[PDB]
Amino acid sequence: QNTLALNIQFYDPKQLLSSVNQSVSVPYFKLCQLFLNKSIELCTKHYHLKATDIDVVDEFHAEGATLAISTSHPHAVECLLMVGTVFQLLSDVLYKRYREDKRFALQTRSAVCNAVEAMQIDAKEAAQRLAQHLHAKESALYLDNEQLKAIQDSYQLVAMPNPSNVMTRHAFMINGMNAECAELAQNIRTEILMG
């Protein structure tokens, strides 16, 4: 399919999304979407792509958000992973701020995936299935051999912990990133927050 997908989900161990008021959840989902749109804009700019080169499949809602990008675009893998990295940094700032203000907020988790041949599922479904097994602030990926080579020098990958299903037995947890990668993510987060 030549597609990569990014799925973001809230971590909600107390099932607060099952009782939160629409008056609070609607604006919160929109603020998460605005931060994600700002990440798309500056990450695509960095990789000489347009914001519209990333498809908004599902806007933020209680069950998460999904983005997709065609692998025909140069830097597609690096760009979508960076979008997830920057969004996760913004999400952590928002969560800490709202909790201090005793406002509703949840931590997020994310996954970037290509289609999974053994499972016969597409990228969107793979990213949704991988992100569902993550905990707060975690990020994971499933990429074909070629795509892994293009980013294993940028990201520090480890095997998934106590994997319980085929999707988690195939994925890698993102444990960290190299110096160039960390500097770029922080600089984009700073540009989005400051001004």
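Don't overthink the numbering: it's just position in the shown sequence, from 1.
Of the two stretches examined, 144 to 152 and 33 to 41, the record assigns the greater average C-alpha temperature factor to 144 to 152.
Note on 89 to 97 vs 120 to 128: mean CA B-factor is higher in 89 to 97.
You'll see in the entry that, of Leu17, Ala185, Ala179, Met173, the Cα B factor peaks at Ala179. In the PDB entry, the Cα temperature factor peaks, among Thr66, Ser139, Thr52, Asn165, at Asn165.
In the PDB entry, a CA B factor belonging to the lowest third of its chain's modelled residues is recorded for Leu6. Sort the chain's modelled residues by C-alpha temperature factor and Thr71 lands in the highest third, per the entry. In the deposited entry, the Cα temperature factor of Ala62 sits in the middle third of values across the chain's modelled residues. Split the chain's modelled residues into thirds by C-alpha temperature factor. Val56 is in the lowest one.
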